[PDB]
Structures are given as C-alpha cells and as structure tokens.
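Asker: Pasting an experimental structure with its sequence.
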Amino acid sequence: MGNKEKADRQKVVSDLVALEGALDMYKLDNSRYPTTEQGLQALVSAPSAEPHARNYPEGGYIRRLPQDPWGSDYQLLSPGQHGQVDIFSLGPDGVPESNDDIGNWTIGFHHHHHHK
Ligand SMILES: [Ca+2]
C-alpha cells in the first residue's frame with residue numbers, strides 16, 4: 001500500500017501499451033501478431049525472424065528493451081493465455097505469469113476478443 005507502487009505500475013502500464021502497440025504495428029506490416037521474441041523486439045529493431053518486419057522506425061520506438069522499473073525485462077507469450085498474444089510484467093519479483101504479473105488483461109486493455 002502506498003503511492004510509490006501506483007507510480008511504478010503506471011510506468012509499467014505505459015510501457016505495456018507501447019508493447020502492445022509494437023505488436024499492433026507488427027500486425028499492420030506483417031498482417032499477424034508477433035511471437036515472444038518478435039513482440040518485445042518490435043519496439044527496438046525489426047525482428048530477424050520471418051516474416052521480417054518492414055516499415056520499421058530507425059532505432060525503433062525505444063532503443064532498448066523496455067523493462068519494469070525494478071529491472072525486469074517484459075515478457076510476451078504467443079499464443080496468449082487470454083488472447084492471441086499476452087503481454088505481462090514481472091514486477092519487483094521478476095517472476096513471469098505470476099499473480100503480480102501486470103498484463104493487458106490486468107489493466108483492462110485486453111478486450112474485443114470474445115468469440116461468444
Ligand atoms: Ca511477477
């Protein structure tokens with residue numbers, strides 16, 4: 001409980017949105033959502049994995065892999081647990097797919113994907 005945690009996780013959400021944006025941008029060019037490596041790298045540099053991302057910004061949107069303020073490298077899992085691709089943050093504990101793991105479903109961005 002505190003103000004610190006809110007500020008840290010909001011910073012997490014900011015990068016989280018950027019992560020998903022890289023995914024959407026990769027989908028724009030390659031007409032599909034990126035895999036675990038390609039998704040995180042899409043913010044930095046065009047993935048070497050096929051198909052090779054085109055129309056990518058020089059230096060990327062962020063020159064280095066975005067990380068939780070505690071020093072954790074954001075993780076992507078394709079195919080996602082909730083959708084096609086799920087992005088989650090490791091938090092202070094660095095543990096992926098954990099309760100703490102701040103994902104797009106956690107914040108409330110993981111919508112528009114219900115077959116029912
Ligand atoms: Ca965690």
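Answerer: Noted; the coordinates are in hand. Residues are numbered from 1 along each chain as shown.
Asker: any idea how far residue 36 is from the ion?
Answerer: Between residue 36 and the ion the distance is 16 Å, computed by Cβ to the ion, to the nearest Å. Where C-beta positions appear, they are placed from N, C-alpha and C, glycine not excepted.
Asker: Tally up the residues packed near that residue, please.
Answerer: Around residue 36 sit 12 other residues, with neighbours defined as other Cβ atoms under 10 Å.
Asker: Check residue 32 too.
Answerer: Residues near residue 32, counting by other Cβ under 10 Å, number 14.
Asker: Please name the residues that touch it.
Answerer: Neighbour list for residue 32: residue 26 [criterion: Cβ atoms under 8 Å, 6 or more residues apart in numbering].
Asker: Distance from stretch 60-77 to the middle of the chain?
Answerer: 8 Å (Cα atoms, centre = their mean, to the nearest Å).
Asker: So what touches it?
Answerer: 8, 11-12, 15-16, 18-19, 21-23, 34-36, 39-45, 85-92, 94, 96-97.
Asker: Show me which of these are buried.
Answerer: Buried members of the contacts of stretch 60-77, counted by 16 or more other Cβ atoms under 10 Å: 8, 12, 15-16, 18-19, 22-23, 34-35, 39-44, 85-91, 96.
Asker: In the protein, which residue is most central in space?
Answerer: Residue closest to the average C-alpha location in the chain (Cα atoms, centre = their mean): residue 19, at 3.4 Å.
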